[PDB]
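>>> Please find the sequence and an experimentally derived structure below.
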Amino acid sequence: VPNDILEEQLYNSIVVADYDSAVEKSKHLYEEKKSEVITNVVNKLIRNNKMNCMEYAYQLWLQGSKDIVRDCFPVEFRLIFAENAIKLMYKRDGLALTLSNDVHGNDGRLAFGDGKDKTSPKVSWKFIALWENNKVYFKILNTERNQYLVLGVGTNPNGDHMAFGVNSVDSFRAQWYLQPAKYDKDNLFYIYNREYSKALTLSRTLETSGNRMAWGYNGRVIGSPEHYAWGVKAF
Ligand SMILES: [K+]
């Protein structure tokens with residue numbers, strides 16, 4: 001079977017969310033030195049912002065094909081599924097996500113993009129995957145505080161939810177799903193909340209410190225990864 005047909009068949013299995021079929025087809029390709037077909041499929045999934053690319057990577061990771069994730073995907077997939085300490089860098093502003101020191105009552109610590117620190121232990125996070133009902137979700141754990149990223153129930157006048165770090169994962173407010181995207185050579189992700197299906201963003205409003213508060217944004221983000229998406233960098 002020609003490579004373009006193998007590409008087609010692999011890509012369709014992922015888009016319909018038959019991950020076991022996608023894993024099986026991938027294993028065959030990778031054994032037969034046709035990593036070009038897998039890489040081409042991943043690149044297409046990302047061009048097309050297909051969320052199912054995350055589940056595909058995760059099932060390869062779980063089903064004994066971590067080598068395929070390492071070798072055929074942007075480095076970010078490795079970083080996510082290996083639970084590497086990473087930095088979450090907002091493409092628009094080049095700021096690292098962090099948590100405040102003081103605890104804002106039952107809300108937890110405030111999440112924000114730090115105006116200055118893009119490098120200390122405060123800006124380290126890890127993604128912790130879980131599978132449910134044919135989807136992969138993530139808890140996003142701050143390394144220093146052992147607190148999880150969450151949206152609060154409250155909203156501003158736009159219907160945006162504030163983001164916080166809290167002690168445990170008690171509800172879908174503390175779980176997230178990812179959608180891949182591209183800007184130039186950089187692979188990015190929209191990061192959506194499971195409870196409210198809003199994208200994690202940084203405020204356009206600057207604090208005098210240069211900090212920007214983090215919010216679950218009530219608005220359109222797709223098509224504008226350079227405004228609303230996140231890079232994942234090795235810490
Ligand atoms: K073959």
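Good, I have the coordinates. Residues are numbered from 1 along each chain as shown.
>>> Tell me how this structure divides into domains.
1-74, 75-235 (curated CATH domains).
>>> For these, give me a markdown table that also has mean neighbour count.
Where you see a C-beta, it was placed from the backbone N, CA and C, and this is true even at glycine. Formatted as a markdown table, the domains of the chain follow (neighbours: other CB atoms under 10 Å):
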| stretch | mean neighbour count |
| --- | --- |
| domain 1-74 | 18 |
| domain 75-235 | 18 |
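>>> Could you give the bridge partners of residue 183?
Residue 183 has the following beta-bridge partners by DSSP bridges: residue 186.
>>> so what's it up against?
The neighbourhood of residue 183, defined by CB atoms under 8 Å, 6 or more residues apart in numbering, consists of 91, 225, 226, 229.
>>> how about those in a markdown table, adding secondary structure?
Output for the contacts of residue 183, formatted as a markdown table (DSSP: H, G, I helix; E, B strand; the rest coil):
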| residue | secondary structure |
| --- | --- |
| 91 | coil |
| 225 | helix |
| 226 | helix |
| 229 | coil |
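>>> can you redo those residues as CSV with distance to residue 207?
Shown next, in CSV, are those (distance: CB to CB, whole Å):
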residue, distance to residue 207
91, 20
225, 24
226, 22
229, 22
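>>> out of these, which one sits closest to residue 198?
Among these, residue 229 lies closest to residue 198 (CB to CB), at 14.0 Å.
>>> Can you list phi and psi of the closest one for me?
As for residue 229, its main-chain torsions (degrees, to the nearest 10) stand at phi -100, psi 170.
>>> roughly how far apart are it and residue 17?
Separation of residue 229 from residue 17 (CB to CB, to the nearest Å) stands at 23 Å.
>>> Next: residue 158.
Here residue 158 is placed at a distance of 33 Å from residue 17 (CB to CB).
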